[PDB]
file start_1.pdb (PDB, C-alpha atoms and all ligand atoms)
ATOM      1  CA  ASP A   1     -11.259 -68.832   8.807
ATOM      2  CA  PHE A   2     -10.007 -69.599   5.311
ATOM      3  CA  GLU A   3      -9.885 -73.128   3.974
ATOM      4  CA  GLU A   4      -6.417 -74.695   3.883
ATOM      5  CA  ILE A   5      -4.663 -73.791   0.643
ATOM      6  CA  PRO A   6      -3.358 -76.882  -1.211
ATOM      7  CA  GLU A   7       0.173 -76.935   0.146
ATOM      8  CA  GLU A   8       1.663 -77.321  -3.345
ATOM      9  CA  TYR A   9       0.654 -73.718  -4.052
TER
ATOM     10  CA  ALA B   1     -10.981 -64.369 -25.386
ATOM     11  CA  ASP B   2     -10.797 -60.645 -26.017
ATOM     12  CA  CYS B   3     -11.119 -58.586 -22.872
ATOM     13  CA  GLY B   4     -14.433 -57.579 -21.349
ATOM     14  CA  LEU B   5     -16.577 -60.156 -23.123
ATOM     15  CA  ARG B   6     -17.702 -62.577 -20.344
ATOM     16  CA  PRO B   7     -18.161 -66.290 -21.240
ATOM     17  CA  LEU B   8     -21.231 -66.884 -19.093
ATOM     18  CA  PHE B   9     -23.065 -63.695 -20.136
ATOM     19  CA  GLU B  10     -21.998 -61.743 -23.236
ATOM     20  CA  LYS B  11     -20.715 -64.771 -25.175
ATOM     21  CA  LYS B  12     -24.128 -66.337 -24.297
ATOM     22  CA  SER B  13     -26.269 -63.262 -24.994
ATOM     23  CA  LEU B  14     -27.493 -63.176 -21.396
ATOM     24  CA  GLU B  15     -27.495 -60.031 -19.255
ATOM     25  CA  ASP B  16     -26.811 -60.100 -15.533
ATOM     26  CA  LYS B  17     -29.257 -59.057 -12.799
ATOM     27  CA  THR B  18     -28.314 -55.332 -12.907
ATOM     28  CA  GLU B  19     -26.166 -54.434 -15.905
ATOM     29  CA  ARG B  20     -29.331 -52.773 -17.233
ATOM     30  CA  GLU B  21     -29.031 -50.248 -14.375
ATOM     31  CA  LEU B  22     -25.742 -49.102 -15.897
ATOM     32  CA  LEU B  23     -26.591 -48.957 -19.611
ATOM     33  CA  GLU B  24     -29.736 -47.158 -18.506
ATOM     34  CA  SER B  25     -27.740 -44.438 -16.718
ATOM     35  CA  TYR B  26     -25.971 -43.366 -19.908
TER
ATOM     36  CA  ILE C   1     -19.817 -54.133  -1.081
ATOM     37  CA  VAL C   2     -21.662 -52.000   1.684
ATOM     38  CA  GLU C   3     -25.299 -51.872   0.636
ATOM     39  CA  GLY C   4     -24.183 -54.436  -1.951
ATOM     40  CA  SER C   5     -25.623 -57.631  -3.382
ATOM     41  CA  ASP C   6     -24.340 -61.187  -3.874
ATOM     42  CA  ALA C   7     -22.593 -61.545  -7.178
ATOM     43  CA  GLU C   8     -23.616 -64.159  -9.711
ATOM     44  CA  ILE C   9     -21.134 -66.795 -10.798
ATOM     45  CA  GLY C  10     -18.827 -65.585 -13.580
ATOM     46  CA  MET C  11     -20.250 -62.014 -13.390
ATOM     47  CA  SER C  12     -16.706 -60.553 -12.863
ATOM     48  CA  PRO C  13     -14.305 -63.134 -14.427
ATOM     49  CA  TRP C  14     -11.428 -60.646 -14.002
ATOM     50  CA  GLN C  15     -11.872 -60.150 -10.269
ATOM     51  CA  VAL C  16      -8.775 -61.307  -8.462
ATOM     52  CA  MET C  17      -8.214 -61.894  -4.760
ATOM     53  CA  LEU C  18      -4.912 -61.008  -3.098
ATOM     54  CA  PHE C  19      -4.104 -63.616  -0.516
ATOM     55  CA  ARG C  20      -1.485 -63.552   2.200
ATOM     56  CA  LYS C  21       0.514 -66.794   2.662
ATOM     57  CA  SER C  22       1.211 -66.601   6.428
ATOM     58  CA  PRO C  23      -1.085 -65.771   8.143
ATOM     59  CA  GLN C  24      -3.550 -66.674   5.393
ATOM     60  CA  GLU C  25      -5.875 -63.679   5.046
ATOM     61  CA  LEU C  26      -7.512 -61.531   2.364
ATOM     62  CA  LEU C  27      -5.259 -58.505   1.725
ATOM     63  CA  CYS C  28      -6.909 -56.721  -1.179
ATOM     64  CA  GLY C  29      -8.783 -57.236  -4.406
ATOM     65  CA  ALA C  30      -7.178 -56.987  -7.849
ATOM     66  CA  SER C  31      -7.914 -57.512 -11.546
ATOM     67  CA  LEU C  32      -6.747 -59.639 -14.457
ATOM     68  CA  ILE C  33      -5.913 -57.581 -17.519
ATOM     69  CA  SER C  34      -4.029 -60.231 -19.514
ATOM     70  CA  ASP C  35      -2.714 -63.797 -18.940
ATOM     71  CA  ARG C  36       0.360 -62.713 -16.943
ATOM     72  CA  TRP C  37      -0.746 -59.356 -15.536
ATOM     73  CA  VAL C  38      -2.844 -58.283 -12.551
ATOM     74  CA  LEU C  39      -3.756 -54.696 -11.630
ATOM     75  CA  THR C  40      -4.235 -53.570  -7.985
ATOM     76  CA  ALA C  41      -3.886 -50.476  -5.721
ATOM     77  CA  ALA C  42      -0.347 -49.599  -4.704
ATOM     78  CA  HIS C  43      -1.220 -49.205  -1.000
ATOM     79  CA  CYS C  44      -2.228 -52.841  -1.026
ATOM     80  CA  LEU C  45       1.445 -53.794  -1.139
ATOM     81  CA  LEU C  46       3.133 -50.710   0.233
ATOM     82  CA  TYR C  47       2.147 -48.337   3.013
ATOM     83  CA  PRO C  48       5.044 -47.085   5.228
ATOM     84  CA  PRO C  49       2.817 -45.309   7.768
ATOM     85  CA  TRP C  50       1.309 -48.689   8.783
ATOM     86  CA  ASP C  51       4.517 -50.576   8.122
ATOM     87  CA  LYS C  52       2.813 -52.409   5.304
ATOM     88  CA  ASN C  53       5.265 -53.923   2.818
ATOM     89  CA  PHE C  54       4.886 -57.241   1.017
ATOM     90  CA  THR C  55       7.461 -58.712  -1.363
ATOM     91  CA  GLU C  56       6.761 -61.068  -4.283
ATOM     92  CA  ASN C  57       6.381 -64.275  -2.332
ATOM     93  CA  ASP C  58       4.589 -62.890   0.700
ATOM     94  CA  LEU C  59       1.373 -63.401  -1.305
ATOM     95  CA  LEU C  60      -0.630 -65.416  -3.845
ATOM     96  CA  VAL C  61      -3.141 -64.550  -6.537
ATOM     97  CA  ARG C  62      -6.463 -66.350  -6.494
ATOM     98  CA  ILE C  63      -8.340 -66.091  -9.745
ATOM     99  CA  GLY C  64     -11.784 -67.520 -10.568
ATOM    100  CA  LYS C  65     -13.206 -67.311  -7.043
ATOM    101  CA  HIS C  66     -16.733 -66.612  -5.833
ATOM    102  CA  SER C  67     -16.647 -67.933  -2.297
ATOM    103  CA  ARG C  68     -14.716 -65.582  -0.037
ATOM    104  CA  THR C  69     -13.431 -68.362   2.219
ATOM    105  CA  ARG C  70     -13.539 -71.744   0.555
ATOM    106  CA  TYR C  71     -11.001 -73.318  -1.722
ATOM    107  CA  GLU C  72     -12.944 -73.658  -4.943
ATOM    108  CA  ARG C  73     -11.074 -76.549  -6.564
ATOM    109  CA  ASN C  74     -11.626 -77.057 -10.313
ATOM    110  CA  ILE C  75     -12.670 -73.392 -10.656
ATOM    111  CA  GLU C  76     -10.235 -70.941  -9.067
ATOM    112  CA  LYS C  77      -6.516 -70.865 -10.023
ATOM    113  CA  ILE C  78      -3.758 -69.687  -7.696
ATOM    114  CA  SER C  79      -0.743 -67.985  -9.198
ATOM    115  CA  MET C  80       2.627 -66.973  -7.748
ATOM    116  CA  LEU C  81       4.230 -63.610  -8.549
ATOM    117  CA  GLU C  82       7.357 -63.175 -10.522
ATOM    118  CA  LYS C  83       7.609 -59.408 -10.005
ATOM    119  CA  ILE C  84       5.728 -56.445  -8.364
ATOM    120  CA  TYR C  85       5.789 -52.993 -10.143
ATOM    121  CA  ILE C  86       4.643 -49.962  -8.132
ATOM    122  CA  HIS C  87       4.108 -46.559  -9.788
ATOM    123  CA  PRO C  88       7.311 -44.546  -9.250
ATOM    124  CA  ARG C  89       5.351 -41.369  -8.440
ATOM    125  CA  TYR C  90       2.938 -43.035  -6.025
ATOM    126  CA  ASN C  91       2.241 -40.682  -3.129
ATOM    127  CA  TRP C  92       1.765 -42.642   0.049
ATOM    128  CA  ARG C  93       2.947 -39.548   1.895
ATOM    129  CA  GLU C  94       0.021 -37.209   1.510
ATOM    130  CA  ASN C  95      -2.869 -38.111  -0.796
ATOM    131  CA  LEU C  96      -2.234 -41.638  -2.255
ATOM    132  CA  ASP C  97      -1.768 -39.989  -5.634
ATOM    133  CA  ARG C  98      -1.106 -42.425  -8.472
ATOM    134  CA  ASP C  99      -2.209 -45.381  -6.325
ATOM    135  CA  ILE C 100      -1.455 -48.176  -8.795
ATOM    136  CA  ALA C 101       0.757 -51.285  -8.950
ATOM    137  CA  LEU C 102       1.235 -54.043 -11.489
ATOM    138  CA  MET C 103       2.069 -57.697 -10.787
ATOM    139  CA  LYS C 104       3.786 -60.174 -13.077
ATOM    140  CA  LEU C 105       2.603 -63.761 -12.563
ATOM    141  CA  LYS C 106       5.288 -66.470 -12.772
ATOM    142  CA  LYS C 107       3.106 -68.303 -15.306
ATOM    143  CA  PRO C 108       0.123 -67.214 -17.446
ATOM    144  CA  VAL C 109      -3.239 -68.205 -16.043
ATOM    145  CA  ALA C 110      -5.522 -70.146 -18.388
ATOM    146  CA  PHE C 111      -8.909 -68.792 -19.293
ATOM    147  CA  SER C 112     -12.215 -70.481 -18.435
ATOM    148  CA  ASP C 113     -15.823 -69.398 -17.762
ATOM    149  CA  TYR C 114     -14.615 -68.061 -14.406
ATOM    150  CA  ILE C 115     -11.290 -66.501 -15.498
ATOM    151  CA  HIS C 116     -11.170 -63.840 -18.225
ATOM    152  CA  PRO C 117      -9.508 -60.370 -18.523
ATOM    153  CA  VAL C 118     -11.097 -56.912 -18.416
ATOM    154  CA  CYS C 119     -10.341 -54.138 -20.927
ATOM    155  CA  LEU C 120      -8.325 -50.962 -20.237
ATOM    156  CA  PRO C 121      -9.915 -47.723 -21.494
ATOM    157  CA  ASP C 122      -8.908 -45.703 -24.558
ATOM    158  CA  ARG C 123      -9.352 -41.940 -25.184
ATOM    159  CA  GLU C 124     -12.755 -42.230 -26.830
ATOM    160  CA  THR C 125     -14.126 -44.545 -24.127
ATOM    161  CA  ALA C 126     -12.661 -42.718 -21.132
ATOM    162  CA  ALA C 127     -14.061 -39.553 -22.730
ATOM    163  CA  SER C 128     -17.602 -40.784 -23.341
ATOM    164  CA  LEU C 129     -18.133 -42.841 -20.218
ATOM    165  CA  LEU C 130     -16.362 -41.026 -17.355
ATOM    166  CA  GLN C 131     -19.076 -38.302 -17.235
ATOM    167  CA  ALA C 132     -20.774 -37.598 -13.876
ATOM    168  CA  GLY C 133     -24.069 -39.413 -13.505
ATOM    169  CA  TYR C 134     -22.860 -42.479 -15.329
ATOM    170  CA  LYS C 135     -22.882 -45.635 -13.260
ATOM    171  CA  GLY C 136     -19.960 -48.030 -12.822
ATOM    172  CA  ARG C 137     -19.724 -51.225 -10.763
ATOM    173  CA  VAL C 138     -17.381 -52.104  -7.939
ATOM    174  CA  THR C 139     -16.955 -55.664  -6.634
ATOM    175  CA  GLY C 140     -15.296 -57.107  -3.556
ATOM    176  CA  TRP C 141     -15.094 -59.419  -0.534
ATOM    177  CA  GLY C 142     -14.663 -56.608   2.002
ATOM    178  CA  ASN C 143     -16.585 -55.741   5.177
ATOM    179  CA  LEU C 144     -20.307 -55.224   4.794
ATOM    180  CA  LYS C 145     -20.153 -52.419   7.374
ATOM    181  CA  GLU C 146     -17.774 -49.710   8.654
ATOM    182  CA  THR C 147     -14.894 -50.967  10.837
ATOM    183  CA  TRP C 148     -14.417 -47.673  12.819
ATOM    184  CA  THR C 149     -15.103 -49.171  16.280
ATOM    185  CA  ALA C 150     -16.900 -52.124  17.855
ATOM    186  CA  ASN C 151     -19.986 -52.165  15.625
ATOM    187  CA  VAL C 152     -22.591 -54.482  14.082
ATOM    188  CA  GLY C 153     -23.261 -55.174  10.392
ATOM    189  CA  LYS C 154     -22.905 -58.544   8.618
ATOM    190  CA  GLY C 155     -19.113 -58.830   8.935
ATOM    191  CA  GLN C 156     -17.633 -60.073   5.691
ATOM    192  CA  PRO C 157     -19.782 -61.793   3.081
ATOM    193  CA  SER C 158     -19.364 -65.440   2.112
ATOM    194  CA  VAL C 159     -19.746 -64.533  -1.561
ATOM    195  CA  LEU C 160     -18.357 -61.698  -3.740
ATOM    196  CA  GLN C 161     -20.492 -58.492  -3.507
ATOM    197  CA  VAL C 162     -21.421 -56.146  -6.376
ATOM    198  CA  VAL C 163     -22.689 -52.565  -6.044
ATOM    199  CA  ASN C 164     -23.388 -50.204  -9.001
ATOM    200  CA  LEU C 165     -22.209 -46.718  -8.082
ATOM    201  CA  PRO C 166     -22.822 -43.364  -9.846
ATOM    202  CA  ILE C 167     -19.948 -41.024 -10.847
ATOM    203  CA  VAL C 168     -19.758 -37.752  -8.878
ATOM    204  CA  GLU C 169     -18.844 -34.303 -10.170
ATOM    205  CA  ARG C 170     -15.433 -32.963  -9.204
ATOM    206  CA  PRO C 171     -16.313 -29.803  -7.253
ATOM    207  CA  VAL C 172     -18.544 -32.034  -5.142
ATOM    208  CA  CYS C 173     -15.839 -34.653  -4.668
ATOM    209  CA  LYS C 174     -13.227 -32.117  -3.510
ATOM    210  CA  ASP C 175     -15.624 -30.340  -1.181
ATOM    211  CA  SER C 176     -16.350 -33.678   0.484
ATOM    212  CA  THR C 177     -12.892 -34.081   1.987
ATOM    213  CA  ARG C 178      -9.841 -32.208   3.287
ATOM    214  CA  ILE C 179      -7.434 -34.409   1.271
ATOM    215  CA  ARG C 180      -6.028 -32.901  -1.918
ATOM    216  CA  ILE C 181      -7.789 -34.456  -4.931
ATOM    217  CA  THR C 182      -5.685 -34.878  -8.099
ATOM    218  CA  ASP C 183      -6.676 -35.471 -11.759
ATOM    219  CA  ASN C 184      -5.481 -39.075 -11.239
ATOM    220  CA  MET C 185      -8.433 -40.087  -9.112
ATOM    221  CA  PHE C 186     -12.221 -39.804  -9.424
ATOM    222  CA  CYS C 187     -14.960 -40.243  -6.826
ATOM    223  CA  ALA C 188     -18.231 -42.177  -7.002
ATOM    224  CA  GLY C 189     -21.248 -42.522  -4.729
ATOM    225  CA  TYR C 190     -24.790 -41.343  -4.065
ATOM    226  CA  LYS C 191     -25.375 -37.885  -2.602
ATOM    227  CA  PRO C 192     -27.427 -37.465   0.609
ATOM    228  CA  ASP C 193     -30.792 -36.639  -0.936
ATOM    229  CA  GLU C 194     -30.613 -39.243  -3.722
ATOM    230  CA  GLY C 195     -32.059 -41.946  -1.507
ATOM    231  CA  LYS C 196     -29.978 -44.896  -2.759
ATOM    232  CA  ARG C 197     -26.572 -45.887  -1.350
ATOM    233  CA  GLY C 198     -23.478 -48.081  -1.243
ATOM    234  CA  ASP C 199     -19.701 -47.857  -0.927
ATOM    235  CA  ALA C 200     -16.539 -49.975  -1.041
ATOM    236  CA  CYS C 201     -15.130 -50.659   2.416
ATOM    237  CA  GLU C 202     -12.138 -52.271   4.129
ATOM    238  CA  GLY C 203     -10.993 -55.347   2.214
ATOM    239  CA  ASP C 204     -12.010 -53.998  -1.216
ATOM    240  CA  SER C 205      -8.861 -51.871  -1.834
ATOM    241  CA  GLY C 206      -7.405 -52.579  -5.238
ATOM    242  CA  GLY C 207     -10.753 -53.705  -6.626
ATOM    243  CA  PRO C 208     -12.013 -52.864 -10.110
ATOM    244  CA  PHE C 209     -14.485 -50.095 -10.849
ATOM    245  CA  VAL C 210     -15.854 -51.201 -14.218
ATOM    246  CA  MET C 211     -18.083 -49.812 -16.930
ATOM    247  CA  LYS C 212     -19.940 -51.297 -19.864
ATOM    248  CA  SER C 213     -19.417 -49.800 -23.291
ATOM    249  CA  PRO C 214     -22.834 -49.422 -24.923
ATOM    250  CA  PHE C 215     -20.910 -48.931 -28.187
ATOM    251  CA  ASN C 216     -19.518 -52.506 -28.323
ATOM    252  CA  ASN C 217     -20.620 -54.356 -25.186
ATOM    253  CA  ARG C 218     -17.202 -54.551 -23.597
ATOM    254  CA  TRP C 219     -16.482 -54.039 -19.909
ATOM    255  CA  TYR C 220     -13.768 -51.502 -19.137
ATOM    256  CA  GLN C 221     -11.974 -50.932 -15.864
ATOM    257  CA  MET C 222     -12.281 -47.203 -15.333
ATOM    258  CA  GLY C 223     -10.877 -47.284 -11.806
ATOM    259  CA  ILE C 224      -9.406 -49.130  -8.771
ATOM    260  CA  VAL C 225     -10.510 -48.854  -5.120
ATOM    261  CA  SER C 226      -8.145 -46.434  -3.341
ATOM    262  CA  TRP C 227      -9.414 -44.549  -0.352
ATOM    263  CA  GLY C 228     -12.449 -43.469   1.577
ATOM    264  CA  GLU C 229     -13.559 -41.886   4.861
ATOM    265  CA  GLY C 230     -15.687 -44.428   6.621
ATOM    266  CA  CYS C 231     -17.896 -46.516   4.364
ATOM    267  CA  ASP C 232     -21.280 -45.458   2.925
ATOM    268  CA  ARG C 233     -21.281 -42.261   5.035
ATOM    269  CA  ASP C 234     -23.506 -39.345   4.183
ATOM    270  CA  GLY C 235     -21.714 -36.493   2.401
ATOM    271  CA  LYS C 236     -18.673 -38.682   1.699
ATOM    272  CA  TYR C 237     -17.579 -40.525  -1.460
ATOM    273  CA  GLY C 238     -15.101 -43.228  -2.339
ATOM    274  CA  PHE C 239     -12.086 -42.317  -4.344
ATOM    275  CA  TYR C 240     -10.842 -44.438  -7.201
ATOM    276  CA  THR C 241      -7.581 -44.427  -9.173
ATOM    277  CA  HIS C 242      -7.858 -43.053 -12.721
ATOM    278  CA  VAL C 243      -6.627 -45.932 -14.920
ATOM    279  CA  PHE C 244      -6.836 -44.044 -18.198
ATOM    280  CA  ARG C 245      -4.696 -41.273 -16.746
ATOM    281  CA  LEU C 246      -2.119 -43.964 -15.924
ATOM    282  CA  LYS C 247      -2.506 -46.117 -19.060
ATOM    283  CA  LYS C 248       0.767 -44.809 -20.491
ATOM    284  CA  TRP C 249       2.719 -46.125 -17.506
ATOM    285  CA  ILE C 250       0.807 -49.427 -17.560
ATOM    286  CA  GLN C 251       1.963 -49.799 -21.166
ATOM    287  CA  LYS C 252       5.690 -49.121 -20.385
ATOM    288  CA  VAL C 253       5.947 -51.931 -17.840
ATOM    289  CA  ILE C 254       4.058 -54.457 -19.954
ATOM    290  CA  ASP C 255       5.978 -53.515 -23.167
ATOM    291  CA  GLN C 256       9.323 -54.053 -21.492
ATOM    292  CA  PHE C 257       8.856 -56.712 -18.879
TER
HETATM  293  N1  LIG D   1     -12.762 -46.805   4.199
HETATM  294  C1  LIG D   1     -13.009 -47.354   3.008
HETATM  295  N2  LIG D   1     -14.335 -47.261   2.548
HETATM  296  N3  LIG D   1     -12.089 -48.061   2.242
HETATM  297  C2  LIG D   1     -12.383 -48.367   1.091
HETATM  298  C3  LIG D   1     -11.779 -48.014   0.119
HETATM  299  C4  LIG D   1     -10.406 -48.271   0.296
HETATM  300  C5  LIG D   1      -9.979 -47.711   1.543
HETATM  301  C6  LIG D   1      -8.509 -47.813   1.897
HETATM  302  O1  LIG D   1      -8.314 -48.257   2.905
HETATM  303  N4  LIG D   1      -7.475 -47.336   1.559
HETATM  304  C7  LIG D   1      -6.051 -47.302   2.289
HETATM  305  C8  LIG D   1      -5.958 -45.804   2.764
HETATM  306  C9  LIG D   1      -4.454 -45.511   3.141
HETATM  307  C10 LIG D   1      -4.544 -45.802   4.357
HETATM  308  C11 LIG D   1      -5.967 -45.480   4.865
HETATM  309  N5  LIG D   1      -6.834 -45.516   3.787
HETATM  310  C12 LIG D   1      -7.915 -45.249   3.874
HETATM  311  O2  LIG D   1      -8.654 -45.015   2.700
HETATM  312  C13 LIG D   1      -8.769 -45.120   5.268
HETATM  313  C14 LIG D   1      -9.673 -46.263   5.177
HETATM  314  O3  LIG D   1     -10.614 -46.319   6.436
HETATM  315  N6  LIG D   1      -9.274 -43.981   5.190
HETATM  316  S1  LIG D   1      -8.892 -42.289   5.882
HETATM  317  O4  LIG D   1     -10.154 -41.717   6.127
HETATM  318  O5  LIG D   1      -8.271 -42.261   7.259
HETATM  319  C15 LIG D   1      -8.006 -41.782   4.780
HETATM  320  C16 LIG D   1      -8.560 -41.119   3.678
HETATM  321  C17 LIG D   1      -7.800 -40.734   2.650
HETATM  322  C18 LIG D   1      -6.420 -41.010   2.711
HETATM  323  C19 LIG D   1      -5.563 -40.622   1.756
HETATM  324  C20 LIG D   1      -4.255 -40.757   1.782
HETATM  325  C21 LIG D   1      -3.659 -41.311   2.849
HETATM  326  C22 LIG D   1      -4.443 -41.782   3.867
HETATM  327  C23 LIG D   1      -5.906 -41.592   3.821
HETATM  328  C24 LIG D   1      -6.746 -42.012   4.821
HETATM  329  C25 LIG D   1     -10.795 -48.288   2.614
END
call {"tool": "encode", "arguments": {"input": "start_1.pdb", "output": "structure tokens", "more": "lines below"}}
Ligand SMILES: N=C(N)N1CCC[C@H](C(=O)NC[C@@H]2CCCN2C(=O)[C@H](CO)NS(=O)(=O)c2ccc3ccccc3c2)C1
result
Amino acid sequence: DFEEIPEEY
Amino acid sequence: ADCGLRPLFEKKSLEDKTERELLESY
Amino acid sequence: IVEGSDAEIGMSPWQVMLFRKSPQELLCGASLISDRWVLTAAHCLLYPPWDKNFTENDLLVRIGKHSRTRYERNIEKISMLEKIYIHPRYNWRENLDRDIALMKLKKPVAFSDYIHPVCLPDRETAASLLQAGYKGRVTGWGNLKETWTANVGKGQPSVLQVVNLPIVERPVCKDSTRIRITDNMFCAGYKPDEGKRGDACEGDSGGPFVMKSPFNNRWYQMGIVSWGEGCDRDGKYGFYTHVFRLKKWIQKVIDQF
């Protein structure tokens, strides 16, 4: 249950 | 900065909640 | 970790998290030694018996974190790896000897109050500090209890956990296990009748084992989380990779790549 990593990364 | 010197503690002259447990063990 | 305590903000500015891209999960812990270099355990990236093998872009490096799970924007920094360097004599086959890897970040992380490197030891420091009885500190985001079966214990923590462990004498360490110890790994933990306790556990592999130089106030990474039998078990100790013993190799990679 990890927060969504900023898709640019 | 140079390794091992923490900005929020050492560079501020503040010790953490248990570093004293370490230095004390020596 | 195990029998640990919530870390304070910026208490371990070198702590690094190893994060898997897909699925997104915590793989191991690591450490920042410079602006483009991170130190971890080799078995964190390679372990043939469990078909574990991650290439450069199978993972990310999250620096400056405190919360295990959240995305701390404006604090943490996520890097991408240019190259992974595993010790060429690393023994995954029998005892995890020389359990150490190095990772080259595509771009140098910037330093802040939450991101700062740790020091590597030198002869005089390794010599003076790595004496049994001396206490070092190990940090991580791993399980708060043994995994072994279906058991209770506050799963994983929401925040990074710190536990100050004492260094154990060699004859003791080697008598505690059937694995073949090697001068490239030390063991730390409290003995049965000492009363106190604590141990790294699953999810902390690769994590720093640091010490504070009373001769100059600098923190030095004496070890890296490698292996253990259970977690916080009586008569058992956690084994850590001997950085100093491997400092010559660490230097070759960095002074070439
Ligand atoms: N259990 C604890 N407290 N851990 C914390 C410290 C890091 C440990 C780690 O997993 N390391 C990866 C290695 C390689 C694969 C298995 N393993 C282990 O340390 C497991 C972890 O539960 N232990 S073991 O008892 O079965 C064990 C002990 C020593 C080992 C040495 C070489 C190869 C496999 C080993 C396996 C896990």
call {"tool": "resolve_selection", "arguments": {"input": "start_1.pdb", "expression": "the PyMOL selection byres (((chain A and resi 6) around 10) and not hetatm)", "output": "number ranges by chain"}}
result
A: 3-5, 7-9; C: 71, 73, 78
call {"tool": "interface_residues", "arguments": {"input": "start_1.pdb", "of": "chain C", "to": "chain A", "cutoff": "12 Å", "atoms": "only C-alpha atoms", "output": "list in words"}}
result
residues 19, 20, 21, 22, 23, 24, 25, 26, 57, 59, 60, 61, 62, 67, 68, 69, 70, 71, 72, 73, 76, 77, 78, 79, 80, 81, 156 and 158 of chain C
call {"tool": "residues_around", "arguments": {"input": "start_1.pdb", "residues": "range 114-125 of chain C", "least_positions_apart": "2", "cutoff": "8 Å", "atoms": "all atoms listed in the file", "output": "ChimeraX atom specification"}}
result
/B:1-7 /C:9-10,12-14,31-35,63-65,75-76,110-112,127-130,213,218-222,243-244,247
call {"tool": "residues_near_ligand", "arguments": {"input": "start_1.pdb", "ligand": "ligand LIG 1 (chain D)", "cutoff": "6 Å", "atoms": "only C-alpha atoms and all ligand atoms", "output": "list in words"}}
result
residues 94, 95, 96, 200, 201, 202, 205, 225, 226, 227, 228, 229, 230 and 231 of chain C
call {"tool": "resolve_selection", "arguments": {"input": "start_1.pdb", "expression": "the PyMOL selection byres (((chain B and resi 17) around 12) and not hetatm)", "output": "PyMOL selection string"}}
result
(chain B and resi 9+14-16+18-22) or (chain C and resi 5-9+11+162-164)
call {"tool": "resolve_selection", "arguments": {"input": "start_1.pdb", "expression": "the PyMOL selection byres (((chain C and resi 173-184) around 8) and not hetatm)", "output": "ChimeraX atom specification"}}
result
/C:94-95,97-98,168-172,185-187,235-237,241-243,245-246
call {"tool": "write_last_selection", "arguments": {"input": "start_1.pdb", "atoms": "C-alpha atoms", "output": "tab-separated table (two decimals), in the frame of the given file"}}
result
chain	number	residue	atom	x	y	z
C	94	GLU	CA	0.02	-37.21	1.51
C	95	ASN	CA	-2.87	-38.11	-0.80
C	97	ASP	CA	-1.77	-39.99	-5.63
C	98	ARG	CA	-1.11	-42.42	-8.47
C	168	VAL	CA	-19.76	-37.75	-8.88
C	169	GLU	CA	-18.84	-34.30	-10.17
C	170	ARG	CA	-15.43	-32.96	-9.20
C	171	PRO	CA	-16.31	-29.80	-7.25
C	172	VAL	CA	-18.54	-32.03	-5.14
C	185	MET	CA	-8.43	-40.09	-9.11
C	186	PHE	CA	-12.22	-39.80	-9.42
C	187	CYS	CA	-14.96	-40.24	-6.83
C	235	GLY	CA	-21.71	-36.49	2.40
C	236	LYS	CA	-18.67	-38.68	1.70
C	237	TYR	CA	-17.58	-40.52	-1.46
C	241	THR	CA	-7.58	-44.43	-9.17
C	242	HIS	CA	-7.86	-43.05	-12.72
C	243	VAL	CA	-6.63	-45.93	-14.92
C	245	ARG	CA	-4.70	-41.27	-16.75
C	246	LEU	CA	-2.12	-43.96	-15.92
call {"tool": "axis_aligned_box", "arguments": {"input": "start_1.pdb", "around": "chain A", "padding_each_side": "3 Å", "output": "AutoDock Vina command-line options"}}
result
--center_x -4.8 --center_y -73.1 --center_z 2.4 --size_x 18.9 --size_y 14.5 --size_z 18.9
call {"tool": "residues_around", "arguments": {"input": "start_1.pdb", "residues": "residue 25 in chain B", "least_positions_apart": "6", "cutoff": "8 Å", "atoms": "only C-alpha atoms", "output": "PyMOL selection string"}}
result
chain C and resi 133-135
call {"tool": "write_last_selection", "arguments": {"input": "start_1.pdb", "atoms": "C-alpha atoms", "output": "CSV table (one decimal), keeping the file's coordinate frame"}}
result
chain,number,residue,atom,x,y,z
C,133,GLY,CA,-24.1,-39.4,-13.5
C,134,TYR,CA,-22.9,-42.5,-15.3
C,135,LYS,CA,-22.9,-45.6,-13.3
call {"tool": "residues_around", "arguments": {"input": "start_1.pdb", "residues": "range 39-43 of chain C", "least_positions_apart": "2", "cutoff": "6 Å", "atoms": "all atoms listed in the file", "output": "list in words"}}
result
residues 30, 31, 45, 46, 47, 99, 100, 101, 102 and 206 of chain C
call {"tool": "atom_distance", "arguments": {"input": "start_1.pdb", "atom1": "CA of residue 152 in chain C", "atom2": "CA of residue 136 in chain C"}}
result
27.8 Å
call {"tool": "atom_distance", "arguments": {"input": "start_1.pdb", "atom1": "CA of residue 138 in chain C", "atom2": "CA of residue 165 in chain C"}}
result
7.2 Å
call {"tool": "atom_distance", "arguments": {"input": "start_1.pdb", "atom1": "CA of residue 215 in chain C", "atom2": "CA of residue 126 in chain C"}}
result
12.5 Å
call {"tool": "decode", "arguments": {"input": "start_1.pdb", "residues": "chain A", "atoms": "C-alpha atoms", "output": "PDB file, in the first residue's frame"}}
result
ATOM      1  CA  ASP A   1       0.000   0.000   0.000  1.00  0.00           C
ATOM      2  CA  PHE A   2       2.543   2.546  -1.196  1.00  0.00           C
ATOM      3  CA  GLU A   3       1.506   5.957  -2.441  1.00  0.00           C
ATOM      4  CA  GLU A   4       1.600   6.387  -6.222  1.00  0.00           C
ATOM      5  CA  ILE A   5       5.074   7.438  -7.327  1.00  0.00           C
ATOM      6  CA  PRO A   6       5.012  10.601  -9.492  1.00  0.00           C
ATOM      7  CA  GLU A   7       4.920   8.977 -12.907  1.00  0.00           C
ATOM      8  CA  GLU A   8       7.749  11.188 -14.194  1.00  0.00           C
ATOM      9  CA  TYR A   9      10.138   9.244 -11.954  1.00  0.00           C
TER      10      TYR A   9
END
